[PDB]
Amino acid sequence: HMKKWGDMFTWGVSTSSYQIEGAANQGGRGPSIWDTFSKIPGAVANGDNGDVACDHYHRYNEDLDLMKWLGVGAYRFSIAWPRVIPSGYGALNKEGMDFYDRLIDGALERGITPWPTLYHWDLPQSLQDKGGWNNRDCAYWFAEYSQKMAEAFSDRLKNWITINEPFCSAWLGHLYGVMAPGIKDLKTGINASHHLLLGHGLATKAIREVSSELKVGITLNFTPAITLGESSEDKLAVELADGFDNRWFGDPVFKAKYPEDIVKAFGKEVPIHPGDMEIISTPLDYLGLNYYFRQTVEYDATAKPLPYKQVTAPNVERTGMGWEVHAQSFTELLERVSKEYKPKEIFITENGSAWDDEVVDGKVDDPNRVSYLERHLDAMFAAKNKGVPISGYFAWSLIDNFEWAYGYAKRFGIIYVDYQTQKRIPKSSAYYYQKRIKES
């Protein structure tokens, strides 16, 4: 579609606060729902928790130095709500705010643009005790927190993201109960999805009120659905899975409505107050898109809440997570999102892969991660060359970290972390990404 003079492209890396910071009970930080969830036997593999993680709260200068060495222009990170406002609403924690000031200022000194995500799943436990995302007030608590962060940091930080992956917070956290807070109820999942999206919209309006030059987006993960079957019911299964994973969150933001076919199949009411859909669909400067894999499904009349099930397709390449590797789906997803939702521009805020890494002679050679990265960058640029306005790519992740219910066993870093010593070791994929940033 013709690269032209003046066009820009941003290369970054991505992390999140609970997954890397540690210092969970230091620096005035209050507990999050993941501190609580991680204390429940069976919730997280190996009984892992984020108490220490990568100790980035103390080691951030080293990690910023690794970012400068990589040559990224941008760093996508999240602010830990319970580190800066431990009670959820009310008093700012000065020690927590000072940490993010030092992080931001350190990034800027090194030429790196920080990209803050306000909510990456670490809801303060003080707010969960009041109902969390099931409580409509949580959307307003989130918007007030967002306003305070923009008041503190938007003199420097101009590109904001409100929430990350509401699919995970709503459905995995409140319907399937495999993420914090561990609730298993469809109606609660529906309420949570609405208040996450309403929070997004209210926070967007609050940030824009701080200053009109600020840019705001949302990060959505999309899981394209296919079926191996040919029956009419298996084609319906694809539509249902696409509606559950993708359109449930994208349609409110970009079309100001929930997908009617899924609303009907649930048979429950979304707690929409007058004015809510206008707030949720407030115009955005960009979409942050997360992509890792496609899902294969088939019809299943017995399944709940919707009559389809996951299938493990045979004879396909898979990562250490068991996730199918299929880069062509990334190209097609990007084209589809641009056509159906027409975001002004798209940033890939997460893409990456996990494999079993081995340290040999103090080094980590990870050719399968390199291969996934190469093929997904190629697929992203194929979409850009067709005219999709992809303005940057952020690798998940800079460093190995706490992979939620999988714990530390699943390593997404381009830089290895030895958790016994906290040593950082760049992998082969780090050298590859460094080259791609420079030579593209």
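The numbering used is simple: start at 1 and walk along the sequence shown.
Enquirer: Take the C-alpha B-factors listed in the entry for 112-120 and for 87-95, compute each mean, and give the stretch with the larger one.
Expert: Per the PDB entry, the higher value belongs to 87-95.
Enquirer: Going by the average Cα B-factor in the PDB entry, point out whether 171-179 or 73-81 comes out higher.
Expert: If you average the C-alpha B-factors of 171-179 and of 73-81, the larger mean comes out for 171-179.
Enquirer: Using the temperature factors in the entry, find which of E350, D185, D366, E165 has the highest value at its Cα atom.
Expert: Of the options given, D185 has the highest CA B-factor in the PDB entry.
Enquirer: So among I40, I414, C54, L377, who wins on Cα B-factor in the entry?
Expert: Top of the list by C-alpha B-factor: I40.
Enquirer: Quick one: classify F142 as lowest, middle or highest third of the chain based on its Cα B-factor.
Expert: Answer is lowest: the recorded C-alpha B-factor places it there.
Enquirer: Sort the modelled residues of this chain by their C-alpha B factor and say whether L103 lands in the lowest, middle or highest third.
Expert: Lowest third of the chain for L103's C-alpha B-factor.
Enquirer: What third of its chain, lowest, middle or highest, does the C-alpha temperature factor of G217 fall into?
Expert: For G217, whose C-alpha B-factor we compare with every modelled residue in the chain, the answer is the middle third.
Enquirer: Based on the deposited C-alpha B factors for this chain, I'd like to know if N49 is in the lowest, middle or highest third.
Expert: Ranked within chain, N49 CA B lands in the middle tercile.
Enquirer: Looking at the C-alpha B-factor of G229, is it in the lowest, middle or highest third of its chain?
Expert: For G229, the deposited C-alpha B-factor lands in the highest third.
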